[PDB]
Structures are given as structure tokens and as C-alpha cells.
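Starting off with a structure, shown below.
Lettered A, B, C, D, E, F, G, H and I in written order, each chain numbered from 1.
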Amino acid sequence: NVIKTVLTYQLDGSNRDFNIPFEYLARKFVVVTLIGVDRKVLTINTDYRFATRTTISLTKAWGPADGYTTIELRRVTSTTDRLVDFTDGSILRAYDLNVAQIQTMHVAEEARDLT
Amino acid sequence: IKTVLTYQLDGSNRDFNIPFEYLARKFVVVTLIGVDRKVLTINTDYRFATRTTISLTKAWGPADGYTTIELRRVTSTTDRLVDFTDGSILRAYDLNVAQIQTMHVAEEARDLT
Amino acid sequence: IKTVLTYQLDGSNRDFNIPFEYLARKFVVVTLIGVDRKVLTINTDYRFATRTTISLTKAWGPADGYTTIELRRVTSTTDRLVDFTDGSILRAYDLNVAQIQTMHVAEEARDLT
Amino acid sequence: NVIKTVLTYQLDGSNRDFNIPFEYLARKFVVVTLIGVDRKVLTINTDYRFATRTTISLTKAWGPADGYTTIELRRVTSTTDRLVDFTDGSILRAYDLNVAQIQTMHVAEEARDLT
Amino acid sequence: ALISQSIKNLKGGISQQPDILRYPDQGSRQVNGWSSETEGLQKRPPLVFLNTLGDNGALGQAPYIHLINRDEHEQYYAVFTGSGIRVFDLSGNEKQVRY
Amino acid sequence: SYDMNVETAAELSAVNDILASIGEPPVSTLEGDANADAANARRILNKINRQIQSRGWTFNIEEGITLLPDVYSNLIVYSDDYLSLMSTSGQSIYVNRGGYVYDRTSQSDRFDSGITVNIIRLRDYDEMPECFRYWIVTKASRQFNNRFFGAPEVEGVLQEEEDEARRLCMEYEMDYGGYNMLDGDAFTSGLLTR
Amino acid sequence: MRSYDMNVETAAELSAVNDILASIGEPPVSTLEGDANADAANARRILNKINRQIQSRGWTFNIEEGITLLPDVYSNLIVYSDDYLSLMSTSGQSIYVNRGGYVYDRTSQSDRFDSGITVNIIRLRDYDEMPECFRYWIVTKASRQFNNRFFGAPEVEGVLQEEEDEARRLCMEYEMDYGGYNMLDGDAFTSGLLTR
Amino acid sequence: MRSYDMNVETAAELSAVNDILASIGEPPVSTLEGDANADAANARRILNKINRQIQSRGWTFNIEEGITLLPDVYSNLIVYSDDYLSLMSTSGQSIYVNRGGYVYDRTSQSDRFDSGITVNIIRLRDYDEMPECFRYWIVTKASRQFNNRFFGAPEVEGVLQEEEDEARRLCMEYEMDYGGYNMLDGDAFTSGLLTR
Amino acid sequence: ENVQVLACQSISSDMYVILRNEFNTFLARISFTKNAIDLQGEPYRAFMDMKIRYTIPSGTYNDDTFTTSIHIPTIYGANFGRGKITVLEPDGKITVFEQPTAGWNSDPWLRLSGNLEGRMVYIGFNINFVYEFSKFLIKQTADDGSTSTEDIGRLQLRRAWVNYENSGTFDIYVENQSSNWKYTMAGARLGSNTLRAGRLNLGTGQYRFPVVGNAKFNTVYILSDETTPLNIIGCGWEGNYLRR
């Protein structure tokens, strides 16, 4: 019943760092947007940055002002692009096989959670 | 063929090749030019993707006037790459690099004239 | 004796005495000065009458504006008369010329300064 | 930029001992001259001695007297004379080889510093 | 346990067997190597040059070569081209054959 | 002629002492074809050199040096050079988070106008006192045989030598520091004034 | 817990693995990515668990005082991920425990939180992003286990145990210098007493 | 550092090398120059290292009090060569450190000096130019290492250990006699108290 | 490479073999005599893979460029393919010339330096004598010809040594799973009596090289090219070997 991939944090004023509980295959998959007026998806280059693997730092201190009441953190896993590709010469490794299994596992998370 | 040469930036170019042969990465010394003679830490500021090509690692820029980069090879005369110690096997390698170092040091001094 | 020297052209003076020692003929380079630097081929443009003296075959005179003839010894740093291999003996003659070849390059630098 | 081979010490009165930082192949290569009136090159026999490999002692007290304000200590390496010569009967050792390159490297030091 | 061992033979030779199953002194491979009796591993003898027989195609593509040893002064090859014969002395000189 | 003042390369000579600690013949050069013992000795020498500096010595700690952020990013870089990073007075606040200086108390990695800290910065094998240079070599020599090729009697002596070497470096720092419990210290000095 | 290869290689981690491999006697490895070396893979596994353990012990820089954990407004329950090595209340008695991966208030018998909580969390860091004094202790401890597990040599084992005790001593010495704890004024109780 | 063969042979050094060689059991060598003996070359390398170390420890004759180091007037920075074993200020707190081979004032963050500085320096000397009492300690320590490195014999190792301990005792005994330190009048603090 | 051996045939003491290059067909003998040198002069019976006692003609040397140039098709029958040619003086001196991209076909001149006006040099190729030692494991020979390896346990081998007699330079490649090492053994050593200048420099000795690893994953193979005999009269290694 719990929605693991999608979760929203109340801004409660100037809170710079937010925790992302879900595991993500790439920093491009995690998408962050403010909520309260419009769904404004933030750019990764300047607007927000991953201070650590599990923590995002937002540059400006939003809060209720800017009519943005809350922040929305979710991951969308790209279907077309595959993180792992297999070639004859390359050595098979645990990293390569785990990514292949878990990527299509991630995509099923969004479908179940959005339902 | 000359050890001393200068590349104009010619836009935000990360990569510049060095024609002169060199022994160690430390020997090659590089300075940004255009406003004042600025020395930079070669290892941290530049990454050698190849031996000849240095990397500004981002678009240093003609902006701000740093539109000139100087390529110099100064092989340290005080620190000898190979010095012979008694009890060590004499080789062709160590004799060759010993000669090419002092010939590099002499060549750099000659070009400085 | 300076490794680099320029001689007054003195009109149609074919031959000129070079006092500095040189390991090889190809190291000695002949240039004409007065309008621009001109490099002359070793065998067609000039001829070595002896080891000590050099004579210009074509007698490029005070004409076209060239007023002086410059004679300097440049020892190539890339080209080495003797090289060391892991096999083989290390004859004393080879070790001496390697010493003096790199000495010649350094001596050229000091004279220019 | 720094001139290693050539360096000058202010006399600051009567000082007997002066330290030579540069390494030298032979004591004849190190040349000492007073500065302030004329370049007076000192004789090694009587005018100045060493008493130490890195220190030279000067007999008389120049100081501000005789118009010699400072002392000049530089090393000039003779190109024509070679410290090490190789013969067929001779055994190669570390001494003979190391002198071969480093004497040449000292000559290039002077040319670079004089520029 | 500071265990060490030394081998004196190396007569051995290349073994394709597993290193466990290999005898001591076998060795994974040797090229241009001569394992000469009591003497140790050696470079093969130097193959000194004698006169060139001819062009690359002078002999057959796949010829039959039979050394002839008649006399201490007369030694020969009877090399058979795909069509025809050529006969050289060991000195390299070619002795013409008439059919 | 023995009037010469030529000195050999210190970094290679330090490696040779590590090799000679067991009796191995000295190596003529470091750069060139890969050599296991030369590569092992050189790595341990830098490993041990980094350790000894990290401990903290009066010459090593740089007092009150300012670290300035990038003007646009407002972030300070906690480079691998910085062996230690502590605040000047006490209860040091700055830590490392993602390679950048992070102020745990204020929970902000963005600073302006710079910060004042006490930094231990890496130095070469040279630029270290002779007391410490011997300690690094004799510490690396003991580490060399323990790890790679073990000689029981060598480790016994090298253990004794390292303790003696450690003691001497402490006497150096104590002599270098010249610490005074009456006037030098922060607390009692104010009390003594009358 | 994550796979060892998942951590990106850095110069610090390359030297740490080389130091661990040297313990049993293996030669140093040039690069960590794209290698078939089984021992190098193990050294990273031993390094990661020792790194995680040494961080688990409360250290001044490691412990974060009074940080705020924000719950999802829709879900109303906080996530207690494996990244949090320790979760303790700021006051004397800690009331937060793990129930199904979510922060659970044992005294309240409720895992649904509103407006967030203030806690002291020890959060895991890489082998880098660690104080240098602690890097040698992590390596020295990891060397002992790596030697013990794979090639147990009594001679090197005794030296490493002595080295670990010295390494632990320096790390405590680091903490006392880092902490700068004051028993008169830094003390919570004594500070109120010194009021005059 | 410097090469072993660089140093000129003297009768003092010839006997020292002979003594180091005898520790293993090698016969004495007649002359040092022009020999192919590998052991003789090592004994000089071990002797020079121990010579530098024993000098590095502060001794009264070794330490030079308040000597003036003069900078190059053009360069303005003093040279901190490897011959300088120790560099300390005459006062309590030493402010001079090495940066790039030049004397660096850490408190001033400047390596450019004018008019010179007064410091305490330990300067390296040959094996000769050394007190006789110290020569046997240098040899005794060197033979201990030379035996250890090349031919490690436990029987001779134990004997050399007590020989070195006695050698150190005599050298300290020499230092106390040489110093002539007075705790009443030679002492800096106590002398000012004794005035009447 | 690209060389086909048409037939090797042996007289009682020596074997005469003919082999074709992609341009030519040659005749050459391999002589199995124990110590005797193959050619007059020839200081130490060089291993040059094609030996000729060449005398350099007077027309070869020129002064405008210092290099004395020799034409390969004249010294041999005609042009060769790919290989490294060594020129060996009447004394020990050796000059090795790297194989050009065209491969001695487009560039058939080999240029020595100095006035080798009429010298008795020896000109020949190189041989790549490779020997791989196989793994270093505990091997006990028992029951008159049966060797059993102690598979149980892990061996951390510390180092190895190779004994050589009257041998010159050679390289001992050590290749672990990750990296590789060379350990070239060239000369007598700097303080040695033997290294005397102008002397033939090859002699008997033991070479000890550090080989470290699992005793099961690192390959130690010796090889040499530099035209000098190599006689290996022993091998060994040292290890720790805790059994588990």
C-alpha cells in the first residue's frame, strides 16, 4: 500500500536537505519538483544538487513563499535507455547482471505505485 | 621541435598538444598568459588523457583575458631521474634515460637563450 | 673559442676558418645574415675544404643585402652519435663521446648567454 | 626563476664564513669575488680558504672597508676540461658515471641562470 | 612455513598438462630453446647464413626436399618443384639438372 | 678528486635504505621498467610518510589559515592534500561531506568570507626534519619485511630501532615546541599576570 | 549494505586496498575497475564492513546532533533506512526503534509521525569523506581480518594486532583533540553550577 | 644524503669500515678506493647513515648556538640544504620550517628574509671531525645493522647489543664531561635567582 | 613471421635447413657443436639467426652525414621481411636496428654511425628465446618417478632466483593477474671487477628477483633477444605456504 518511489516533504520553511529513501539507478532518474502552484521540475545542474547519494541540496530556500507549499521527490526509470549492455569480449560481473535485473524491477515499482 | 612554444587559446579549447618529448609529467611546466603570469598545479588543474594532450578540464576562457597558454618543458637539473649507485645492475635503460635527461636539460637551456 | 661566430662577409672571400671543435660535419650550420636568416645545404651550397676551414662554393657576396656570414655549431639533441644497448660491451670511446656530445650542447648554451 | 648557481651575500661587517648552497664538481669551479668597486676575484691559496665542503673562510675583514659592499659567490664549470675520463682497463663505477652527466648538467645550469 | 625448493634439471620441455600434473622442470612453454643434455637451457644454435637459393617462387609452393650425402666432399639437396627438379650443393651453389 | 659537493637523489636513496634493510642490492632508478620491490618500497615510503605527518607536529599544523570558497558555487574543497582539518579554538565543526567542507553544527556546506582552521598539509619525503625522515624510513623498513618478505631477526632489531626512532622524534617536537606551563599556556598565563 | 564494486574508486580507496593486499603479501594492484583479481575484490569487501563498523561506534564528527527527519505528508511515517547506523533521541531516553524499515515510537506504539522529529543519527560515509586518522585504523583492522580469513600467518598476525592497538590509540587521540570537550563549561550540568 | 664513495678515505674511516666488516666475519680491507668488494661498499653506506643519525641527536659540540644564516640579497630567501640536520630558534618556540628547500617562517607565512636570522643548527660532519668517544658508538651501531641486514647471526647480535649499550653510556659520559653544565650558575633561570 | 621452413635435414654433427621468406629462399646451417664458434673472429659465438662475416665496402661511408650506411640486399642474397637486425663488431659491440613499418623492403639500408670503412662486422637477425617456468607449487618426487603436488593450502611465494653460466642479458617477466614486471638482468653491476670497460661483460652468476603473489596466478617466463648466450643451470623460489 505504501508508495515507495513517490514521496513528498513539507517544506516547513527553509529546509535545504531532503532524504531520498528509494534506491535509484542514476541521478538522472531521480526527479524533484516543487508543489503548491505548478509542477516545476528542477534542473540538476544549478537548482539542486546531490550532496550525498541519499541527500539532495536545493540552492534557494523555498518554503511557502513562491506559493510552493511542498517538495515532491520521485524517480522515473527510463524504459528506452538501458544502463547495462552486454558484449562478447566483456567479462560478466555481478554489477552487470544486477543492473539488468533491477532496472526492470524499478520500472515495475512506478507502475504499481502510480496505480 | 622547439621545447618552448605558446598556443593561443583560439576559443574555449580544453585540449592542447605538446610536440616536445619529455621524461616525466612533473617536468612539463605550463602557465596561463594574457593578464599576468599565472602558474598552476599541473597535476590537479590538468589531466593527461594522452601524453601529448593536456586538459583545461573546462573552457578556461579567453574571457577574463586568459586567452594565452604557454607550453614549457623544464627538466629538473637538481633532481636527477637516474643516478647510479654502486651495487646496482648496469642497464641500457638507465644509461639511456641518464643521457636523455642531461640532453633535455641542455636543450632547454639552449632554447632559453 | 666561441661555438657561435659571425664573420664579416668581406666581399668575395670564398673560405673561412672555424676554430671550434665539432663532433660531426652535419652539426655545423651555416647561415647568411643581413636581410634574413638563410640556411645552406651542407654539400651543394658550401664545401668543407678541410676540417678546420670551410669555403662557400657560390660566394654569396655583399650582394642582395647579406652583409655577414654566421657560423655556429649546433648538436642535435634527438640525434645521438652513440647509444647504449643491454647486450654488447661499453667501450671507453663510446662513453667519452657521449660525455662530450652532451657537453657540446651545454657549451653552446653558455656561449650564447 | 631563482638563480641557484649565482648568489650574493651582504657583508654586513666582518663575517669570516659564507655558505655555498650549489653543488660543485671541483673546488676550482667555485669562484668568489667582492662587489662594490670592482670584480676582484679571490685567490684560493691565500685570499680565501674553505675549512668545510659547504663553507668558505675569508682571511681579511672586508666589510664596508675598501669599498666592497657585498660578496659574490658563483660556480663556473669548465667545459674543455672533463673531470672523468674512461679507459678500457678502467672498471666502471657509480662515481665515474654520475660525474659524466652531472658535470654537463651543471654547465646547463649556469646558462639558464645567466639568462 | 618458509618453504623453498630448487630445481637443477629443466630438461623438461613443454607440457600441456595441468600445473598440478606437470612433472618438476617441465615448464609451460619454450621457444628457440635447447635443453642440451647436462648443460642448462640454451638458446638454439644461430643458423649461420649460406647462399640464397633464389626467389620466393623459385622452388615449388609445396616441394619435396631430400638431402643427398654421397661423399664427405659431395653433399646436395634434391628439391622437387611441383614441376621439375632443382639441385643445390650445401655451399648454396646450384648444380643444373638436365632432363 | 673528492672536493665535490654532489648529493644523490633523496627519494631514491630513501627507497634504497628500504631495500638495503634486508640486504637487497640497491636499485639504480625508480622510473622505468616495473620493479616489484622498488614499487613496494616506494609505496610504503609514501604510505608511512603520510601517516607520520597526520599525527600532528608543531611544524606540521598550520595555525589560522583561511580557506576561501568559489565565488559562484560558495563551496570549499576538502582536498586529499588536507591530512587534518580542525577549528582554531575547540569543538571543531568543519567535516567532509562529498569532498566539500561541511559545518555540522550549522548544517550548511556553503560558506562566505572564508573560514579559519588549523590544517595539516601533505609534504614530500623531503621538507621533513632529519629526525622524522629517519623515523619514516625505519618505519617503512619494518613494514617492508613484515608484509612482503619476513625475516624474524630483522623485525626484532627494526622494532627496537623504530621505538628508539619514535622517541627521538618526540624529543624533537618537545624541543621544537618549547612549551611553557607558566607563560606559554593559554590559561595560567593570564593568572600569572599581576 | 551495498556491493563493494558499487563504490566509485578514488586514490584513497586504491591505497587502502593495496595496503590490505600487502598484509598477506599480494603485490599492489594498479586499478580497481576491470580486474579479475579475486583477492582485490575481497579486500574491498573487508574494507567496507570495517568502515561501516568503525563508523557505527559513536564519534564526535560522526554523530549529528538534533537533525530533523521529515516524514512524507501523505504516508505520515519516516523511513529508517540501513544508512542510519544509530538512531537515538537527543534527551536521555531514546524512544525511536525500527519496525519494518520505518521509524517506530515504542513509547507511543505508533509509527505515524507529523511535523518531524529531532534525533542524533550516525550516518554512514565512504572510506573517503573520513578523517585521515581514522583511515589508517580502518585499514589496520581490515588488514587483520583479511589476513585472518584468507592466509592466516601467525608472524604477521602479531605485528598487525600491535599495529591496530597503536592505530586505535591515535584515533582516540584524534577524537580528544577534535572534540575539545570541556568538563567545566562544556559540561551540561557543571555549566549551570559555575553561574555566580 | 650523499654517495658513500663520495667521501674521501682517511685512516679513521678505513678502520671503521674494517670493524663493520669484522662484525660479520669478513677480513679487513687494505684500501677503500679501487676495490670490487661489495661488502666494503655496504659498510661505508651503513656507516654514513649511522653517522648522520647519531649527529642528528642534539649534542653540545654538534649544536651551534645563535649562528647567523645570511640570505641572498637579490633572492631574499635563505637556502635550507640537506646538510642542516636541525633548524631551531634560540628562543623557546621555533618558527622556521622547510618549504621547497628554503627556510620558511611559518608564523609569518613568508620565506623572504632580510638581514639574516639567528638560529640553533645541527650541521653534518664527516666520520672524522667527530669526538673519539662518538666514533666507537657509530661503529658499534653500524656493525649491529650491517650484521642484521646481510648476515644475521644471533650469537654476534646479542653481543653487539650490550656493546652498543655500553658505547651509548660512554658517549653520554663524554657529553656530560664536555658540557660541564651547572644547575646553579650555568642555568638560565637559577642564575638570576642566586644574585644577592 | 611469414617465414616458412621448407625442409630441415641433418648431417651427423650439424643440420642444414632451407627456409623461404616472402621475397626469397635461403639456405642456412644450424650447428650443434658444444662450444665452438661458427665464424672466425666472433668474440662469443653470437646468436644472430643469420650470420655473415661481412666486410663493409669503402663506398659506404660518407662525411656529409655521419652515418655509415649498409645495403641489406648486397650483404645477403636480397631483401628480407620483418625482423630486428643486429650488427656485431669484431669486439663485443652491438647495434640493434628496429624493424621499420615497411619492413626492410622499402627501406633496405641499415645506417651505422662513424667510419666503419672496412670492418669485419657480423650482421644478423634476432632470436626470441622464450621459456615459461610454469607454476611454482610444492612438488615432492616419490616412489621413483611420481611427483605429487600439495594442492591443500595457499602458497604466498616471496621471491625466485635463476642461476646462469657464461650468460648475458635477459628479462624475467613476472605477470600476476593484475600487473606485470620485467627485472632485466643486463650487466655485472657497478662496483664489480667484471664490469671492466671494453670487456665482453658476460659471466656466471645468480639473479634473484622479487616474485610475489598467489603461487597459482602469477606466471614467470624468461626471454632474451640481445645476441648473447643464455645458459640457465638452476631455478628456485621461496614461499610461506600456510595450509588451509
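Note that in this section contacts are C-beta pairs under 8 Å (C-beta built on N, C-alpha and C of every residue); 3 or more make two chains touch, one makes a residue touch a chain.
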item: Fewest hops from chain C to chain I - one hop per pair of touching chains; value: 1
item: If a chain touches chain C and chain E alike, it appears here; value: I
item: Numbering shared by both copies at the chain C-chain B contact, with half separating same from different; value: different
item: Furthest chain, CA centroid comparison against chain E; value: A
item: Mean-CA-position distance for chain C and chain B (Å); value: 29
item: Mean-CA-position distance for chain G and chain B (Å); value: 42
item: Cα-centroid distance, chain D relative to chain G, in whole angstrom; value: 59
item: In chain E, residues with contacts to at least two other chains; value: none
item: Interface hub residues of chain F, defined as touching at least two other chains; value: 4, 6-8, 25, 28, 33, 36, 40, 97-98, 107, 148-150
item: For chain D, residues contacting two or more additional chains; value: 54, 86-88, 90-94, 97-98, 101-102, 104-105, 107-108, 111-112, 115
item: Chains grouped in pairs wherever the two touch, ordered by label; value: A-F, A-G, B-C, B-D, B-F, B-H, B-I, C-D, C-I, D-F, D-H, D-I, E-I, F-G, F-H, F-I, G-I, H-I
item: In the complex, chain D residues that touch chain H; value: 2-3, 7-10, 12, 15, 18-19, 21, 54, 70, 91, 93-95, 98
item: Residue numbers on chain D that touch chain I, as the complex places them; value: 86-94, 97
item: In the complex with chain I, residue positions of chain F that touch it; value: 25, 28, 33-37, 40, 148-150
item: Footprint of chain E on chain I - complex, ascending; value: 6-7, 9, 11, 16-18, 20-32, 34, 38-39, 45-52, 76-78, 124, 127-135, 137-139, 141, 147, 149, 151, 155, 164-165, 216, 219, 221, 224, 229-243
item: Chain C-facing residues of chain I, complex; value: 63-66, 86, 88, 91-96, 113-114, 168-169, 184, 186, 197-201, 226-228
